[PDB]
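Structure first, then comments.
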14 protein chains.
Amino acid sequence: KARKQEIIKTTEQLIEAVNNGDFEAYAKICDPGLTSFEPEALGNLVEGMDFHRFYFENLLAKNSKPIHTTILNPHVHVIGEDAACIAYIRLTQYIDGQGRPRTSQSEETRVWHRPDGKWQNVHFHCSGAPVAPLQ
Amino acid sequence: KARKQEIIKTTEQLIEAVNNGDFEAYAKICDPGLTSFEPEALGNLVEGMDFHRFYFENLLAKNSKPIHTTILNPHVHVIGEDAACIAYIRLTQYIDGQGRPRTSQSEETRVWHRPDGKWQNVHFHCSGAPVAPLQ
Amino acid sequence: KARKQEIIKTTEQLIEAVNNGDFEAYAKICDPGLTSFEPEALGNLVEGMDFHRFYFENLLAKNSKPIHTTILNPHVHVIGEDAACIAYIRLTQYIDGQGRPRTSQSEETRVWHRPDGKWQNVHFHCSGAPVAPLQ
Amino acid sequence: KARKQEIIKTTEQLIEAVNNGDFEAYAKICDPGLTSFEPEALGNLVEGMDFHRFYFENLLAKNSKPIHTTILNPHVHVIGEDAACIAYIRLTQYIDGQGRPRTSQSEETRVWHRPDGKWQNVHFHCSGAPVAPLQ
Amino acid sequence: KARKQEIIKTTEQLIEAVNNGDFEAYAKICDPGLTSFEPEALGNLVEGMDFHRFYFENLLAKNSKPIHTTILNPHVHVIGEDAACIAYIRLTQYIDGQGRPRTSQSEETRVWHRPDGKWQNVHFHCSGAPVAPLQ
Amino acid sequence: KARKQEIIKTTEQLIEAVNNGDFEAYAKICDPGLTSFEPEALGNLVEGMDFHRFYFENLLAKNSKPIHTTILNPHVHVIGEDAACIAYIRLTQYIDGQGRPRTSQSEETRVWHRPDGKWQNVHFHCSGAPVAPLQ
Amino acid sequence: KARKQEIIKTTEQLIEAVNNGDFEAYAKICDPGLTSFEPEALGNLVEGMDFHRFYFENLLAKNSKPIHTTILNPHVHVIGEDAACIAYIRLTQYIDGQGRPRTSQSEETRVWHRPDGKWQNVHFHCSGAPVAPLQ
Amino acid sequence: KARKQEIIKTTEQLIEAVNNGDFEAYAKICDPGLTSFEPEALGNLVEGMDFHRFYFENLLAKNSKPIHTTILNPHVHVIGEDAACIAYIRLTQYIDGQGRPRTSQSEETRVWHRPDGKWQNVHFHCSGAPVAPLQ
Amino acid sequence: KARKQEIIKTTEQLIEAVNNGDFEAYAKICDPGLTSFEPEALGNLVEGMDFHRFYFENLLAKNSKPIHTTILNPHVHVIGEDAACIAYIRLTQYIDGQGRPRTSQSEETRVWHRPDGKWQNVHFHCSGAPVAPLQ
Amino acid sequence: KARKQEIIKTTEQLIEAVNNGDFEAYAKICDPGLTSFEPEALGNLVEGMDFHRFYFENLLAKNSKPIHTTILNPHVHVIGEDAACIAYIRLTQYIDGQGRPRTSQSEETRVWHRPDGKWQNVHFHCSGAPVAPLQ
Amino acid sequence: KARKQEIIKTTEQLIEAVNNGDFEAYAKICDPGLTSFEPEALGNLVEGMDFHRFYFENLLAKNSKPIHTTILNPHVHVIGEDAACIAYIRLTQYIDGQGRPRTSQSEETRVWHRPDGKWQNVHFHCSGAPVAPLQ
Amino acid sequence: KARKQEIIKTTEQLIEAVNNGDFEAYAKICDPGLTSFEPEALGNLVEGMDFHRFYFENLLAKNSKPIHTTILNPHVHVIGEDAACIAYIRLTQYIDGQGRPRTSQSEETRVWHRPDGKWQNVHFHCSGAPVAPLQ
Amino acid sequence: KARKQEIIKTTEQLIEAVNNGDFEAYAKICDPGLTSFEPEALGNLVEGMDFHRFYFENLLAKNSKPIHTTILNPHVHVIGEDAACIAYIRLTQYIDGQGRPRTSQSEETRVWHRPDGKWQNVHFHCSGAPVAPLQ
Amino acid sequence: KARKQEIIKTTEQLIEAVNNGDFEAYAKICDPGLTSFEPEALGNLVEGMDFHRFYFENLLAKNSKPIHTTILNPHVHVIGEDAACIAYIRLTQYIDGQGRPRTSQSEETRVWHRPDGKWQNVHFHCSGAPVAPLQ
């Protein structure tokens, strides 16, 4: 019961890092063999870090607008001593180029494993909106 | 290396069962606590079997058209003695109501665990097209 | 903790009655001073039973199609010995006039009171789709 | 008969606070376990204060335009010594970015309980327009 | 206080007569100098009975479909011993040519006078939908 | 015959006051229990003065453009010693934001009563265009 | 004052003849040098009877549908012992090819002269709809 | 034969006055009981001078652009010693806001009477374009 | 003055022949070196009879519908003992494939010469609609 | 054979004059009783010079752009000692308001007579584009 | 001068053969090394007979509708004892699937050479419509 | 075999001259009796040099943008000692008004003759795009 | 030079087999490790025979319509004793469901290798239209 | 197995050169007889270097924006000692003129041969997007 809390804590940390534009921080939580389905891949299965490094260097760098993220009804499956899965709904509140409020939704899955006594994210599937807020 | 083959074999079996409209068969491979993201849920996270039982009783029952399914570039992560994850691209070839050929694509993730010495599917995330071919 | 279960049980019963087209049954669970916000009222606050009696006599009577209803993440507030409130999301699966599957969503609130030792529904607010499935 | 007046008085106070952009004031009238259905949640059931805190910090702060709000035909149910429900129609008059007059309508439900001898709002369902005037 | 009830009673009777297609009955309640604003006049002020006699002879005659009419929040002004005014909102529920339910709204004013000890309708203004249900 | 002239005279005075933006003047001619149907109410029946006070404070204040109003074919019913009704068509000529001429039409009903030996307007129904010229 | 009545009587007779499809009757009331502006002339000024004779032989012949015509607010100028002018608005109620009611408006001028002690129509200008009801 | 010339001469004079923006001149040629059908009246029959006085004070005042008017195929009926009617087609050439040439057509009727030994225009019907050139 | 009448008479005869579908008759009135501008030539200048012979053999042959043709304001120039030109406007009334009346306009020029003591048409220019009625 | 050359020479001269904006020159070649069909007349037959004088005073005056005109396949009929007709196709090359090249086509007829030993143009019919290049 | 006639004669013969659907005849007039630009080639340069043989076997075979072809203003260049070129405009009149007349235009070039004392067509360029009439 | 090379060489030279805006050079290679089909003629067959001289004086003069032209798969027929024909596809690469690259295609035929021992172009047919690059 | 002929011969044979619906024949010419880019794969790289086997069993089986295929300008590279590449343009002529002719274009590459002394196709890239004719 | 690595290495080098705008470098890796299918050729098969030289001189020269290219799932066939083929999917990430991120996909084939002991690219087929990123 206590193990579900630390998956949600770790997941929160990861999302924080991304919104902060901290590539250094992000690289410590992801497995170096990470794979992902996301809208920016145009239906392709991407693998490794360097496809993502572009957005941390050229988009997230300029992040100045106020933002808020809410995680709704997380379901955690624990499937060994060192293995976990989480499914959740994500709401992001942001302000657009007109100065008006906006909200966008994505539905998301992450898979976790614990090599060397540290949790690492090995896979990610993002659906509905992209990871960055929709336009 | 040999453990990746049996995940792909088991995944194939599951997809076969669905196309066949065999609810009995389908219920043996899924965990009774299965959860899923799929377009038919309208962005909601559904849990348990009875949301799916409707399509096996009222749609799949009438399945008469010829169909072919191809799995492209499956990536398998093995994350314990009894835990596995698979990501893949799915192409379905089918014939429409005009009698013309059609093809549709979905991109898909499944998570697997082995309680009682049998593999069970615990989570599913489907993206692009629905599980049944698009119109 | 046990009182939340009987609100969800009673709410289920009410929804059953409506789908069944049982006006007799429906009249026993509702307060005779019931009020409602629903799309069929065109933004107006209707009160009493006879606005609803039309659909039980002229629409629900003919109900023949297969249907399934799922209640997602019900939140119950208990606010006295004899007073309760419930908020929930409703998914309805149905088959259309072409013979194709459909799903529709509504988000809903009900308020309950217990005069004479029996639960009665005193107010209802329906949002998104109407009470009957959308077209 | 006298208890219906103090529900309408309290409801008026709450709406005043929101239009004024007074988060401090707003937090005293709402229950800390408040839940709401509103268009900004995109069909989701939100809970707690911090989803709302964003608009008091980033939108309502800048409120400068003249505004008027009218409550039409409030119906109050009183359902214990310490429990009440109110349904009402809301008209808001405002001036747009062109300097022209506008009016918008919402239809609304609030549920009230009296712990510690003070009325607290425990649930809210907003329909038609959002809480802030429509564009 | 009692005089407001008999205006609402008389108004109900008139609406009944129209839906029934009873021209004989309708002619007894209206003043022979009746005037009206209604959508069928195309923005013109019509006077006397023979413009209306057409619909009782050629449309209302064929009235076979089920119908229900609800009067919402009637306001009555009494302005002498023998003079009254009523404003109200009207909801009509009907079934269309596809066999589907429909609802339409009109907002309406009637003026009443009592020559020879019998109430007579002297003016009518109809707005939103026409007197017969909208298509 | 002479009593029809003073209703038309009084009605003219009222319309003058509105176009002039004289709230003080307007308040003396209307009954404090005035009710109205007008397009700005969005199909609702408004009552009392403060819904109208907004336009005298924020729109009519700025009235600078040339305007002309013509009343066509007024019909007056006199229904006691102290009670009257008037129906009329209104044409307004105005100049738009391009500097081009425009004309708009509304069709209108007013009801009058004479408490304390002074005529007061008790009800108003406006149809076609709003009270202010259309855009 | 009495001479205005016989112009309206004569005008009524003419309109009757046209709706009846009586070319014989129509030819007795019109001057043989009649001229007209009407939509069927496509902006041209037609003169004499034979342009009109086509519609009495090929359209009006088949006239079977129920019809009603109302003349609103006729203004008559009398301009000698034997000379008159009339301006009026015409409403026609008719039933369309779907079996639904319709109404159309035209605004019309006729000029009259009395050679040989009988009134004759010398000119006609028709505007808005054509002489026959609009589609 | 000679009397047809002076009607065309007088008609020319009137049109000149209007294009010149000479309200003084215009008032001498029209009967004080003039009536008209024109597009600016929105299908209504206007009477007297003050509806027209607006355009001489606020539009025609600014008339600066070059203009030319041509009268085509005038037909004159003479119907007493002191009574006449004229029907004609009018072409107006003008330059638009882009500096490009434009032409517009109207088809027109005027009725004339001679009280006190001076011709006066008693009625006017304008069709196609308005009196001022079309945009 | 008398020579203008015989040009209009001859022109009438020609138009009669065409509507009648009489190629024999048509060939006697036209010069064998006839040239024409008409919409059927697609902006080309056609010469001789055989381009026209197609419509007399394959379209005009089937002419069964009622038709009427009116010639408006013919202008004739006579330019020798044996040479003439005519310009005119043509209105055709016809019944369409729905059984509804229609009217179409063309504007037309013909040139005439008298070799061997018989008038012959040497050129034709047709504008607006084609020679046969428009669809 | 030689007489066809002088018609084409004279026609060229006329077109030159128009493009040059020389009203003086143009008036010497046209008959004072000239008539024309042209698009600027809106389907009407204009007669005399003053309708054309407008374009020489207000459009052609400003002619500054480069222009070229080509006459294609002129057909000349000679129909007396002093009477001629010409049909031709006209291509005009011009530069538009963007500075891009444009070409437009018209198809044209002119009729010529020789009073007092000088050729004069008595009629003109222009089709496709107007006389000035199309936009 | 006489050699231009036999090119036009030979060209006529070829077009006859095509419309007749005579592949045998067509093959005798074309060079076996014929090349062509035509719309059916989709912008490609086709060479030899077998691309054309398809339409003689599967389209032209069924040719039943009446057709007429006119050749306008042929220009012939003769460029040796045995070499010629022709440019021309082609009008085709035909009847469509509704039974209505149609006309289509193409502009065309053919090149001719005389090996073995017989004229042969060596190249063809077709522009505007295809060789068969347009739809 | 060697004669095909000098036709392609000469054709290249001509295209060079046009792109260079060298009218002097262009006039030496073309026959003074040149004819052409090109889109700028609007479906007409133009003859002689002066229609083309306009573009060398008013468009090609300003040619400043970079351009490249490629000739694909030229087919040459040689049809005497002094007579030749060439068919080819032309690709032009250019930069537009936004500064973006563009490519356009035309398909083209030229006919050549050798009077006085120098090759001269006698005919040209251009299809798809115009001679200058498309917009 | 002779080796280019046998590649074109072999390529022709393959295309024949496909149009014939001969899966047996097709399997002998392709390498069992064949890969392809084609529109039916939806941008994916397919490998092996069984994706293609569907169309030979369910589409090509029913092939009844007349068809013709033309190969334009094949370029062959020979790159060893046993290795070759071919690029070509393909035109297909076919008849549609209306019975009208159609043509479609694809541009295509094939790669060939000679194991065991027999040519085998190892790769295919198809662009523009699909392998079967476009709709 | 080792030979597949050097094809992928060489292919990477080529793509690098293109993005860098290094024409010198690009010319060393391509065969001087290179052929290509690419969208810029408009369906044509181009051959040699000078069609490509335009983009290295006029587009790639200005390349300043950040860019990233990813090669997905390369398949290599090796078909001799000196002959190879590669098929791959290409994703390009770039920033647009608004400063927003973009991604585009192409699917691509290259053929390689080793004359003189150096690998040279002999053919290229590009599909989906062009070689430069899509707009």
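Going through the structure tokens in order, the chains are called A, B, and so on, while each chain numbers its residues from 1 and the ligands are numbered from 1 in the order shown.
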Practice item. Using only C-alpha atoms, find which residues of chain F lie within 9 Å of chain E and jot them down as a PyMOL selection string. Key: chain F and resi 35-37+43-45+73+75+77+79-83+85+87-89+106-109+111-114+122-123+125-128
Requested write-out: C-alpha atoms of the selected residues, as a short mmCIF file (atom, residue, chain, number, x, y, z; two decimals), in the first residue's frame:
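Writing the result to result.cif gives the following:
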```cif
data_model
loop_
_atom_site.label_atom_id
_atom_site.label_comp_id
_atom_site.auth_asym_id
_atom_site.auth_seq_id
_atom_site.Cartn_x
_atom_site.Cartn_y
_atom_site.Cartn_z
CA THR F 35 -41.80 43.74 -16.13
CA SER F 36 -40.42 43.29 -19.67
CA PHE F 37 -39.70 40.88 -22.53
CA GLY F 43 -35.76 34.94 -23.39
CA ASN F 44 -36.26 35.57 -19.73
CA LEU F 45 -38.91 37.74 -18.01
CA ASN F 73 -50.26 52.95 -37.09
CA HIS F 75 -53.74 51.00 -32.03
CA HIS F 77 -57.51 49.94 -26.45
CA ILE F 79 -60.32 49.25 -20.88
CA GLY F 80 -61.54 51.28 -17.84
CA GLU F 81 -61.43 54.83 -16.40
CA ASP F 82 -57.69 54.35 -15.53
CA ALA F 83 -56.46 51.48 -17.82
CA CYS F 85 -53.07 49.29 -23.88
CA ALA F 87 -49.66 48.33 -29.94
CA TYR F 88 -47.41 50.03 -32.60
CA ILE F 89 -44.59 49.57 -35.19
CA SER F 106 -39.28 46.70 -33.94
CA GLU F 107 -42.92 45.80 -33.13
CA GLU F 108 -43.98 46.73 -29.60
CA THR F 109 -46.72 46.56 -26.89
CA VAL F 111 -49.68 48.43 -20.89
CA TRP F 112 -50.68 51.50 -18.82
CA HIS F 113 -52.50 52.08 -15.50
CA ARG F 114 -53.31 55.34 -13.59
CA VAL F 122 -46.66 48.36 -15.93
CA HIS F 123 -45.51 45.98 -18.75
CA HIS F 125 -42.98 43.43 -24.83
CA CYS F 126 -40.39 44.29 -27.57
CA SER F 127 -40.00 42.13 -30.74
CA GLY F 128 -37.86 42.09 -33.87
#
```
**Study point:** Selection near stretch 4-21 of chain E, 7 Å with only C-alpha atoms, sequence-local residues under 6 positions removed, as a list in words
**Key:**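 The residues satisfying every condition are residues 29, 56, 60, 61 and 76 of chain E.
Computed from the coordinates, the atom CA of residue I:28 to atom CA of residue I:51 distance equals 16.4 Å.
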Point to revise | strand (DSSP E or B) residues, from DSSP on the backbone, in chain N, as number ranges by chain | key: N: 30-37, 46-47, 67-78, 83-95, 101-113, 120-128
Check your understanding: Which one is closest to residue N:132: N:120, N:98, N:92, N:58? Count only C-alpha atoms.
Key -> N:92
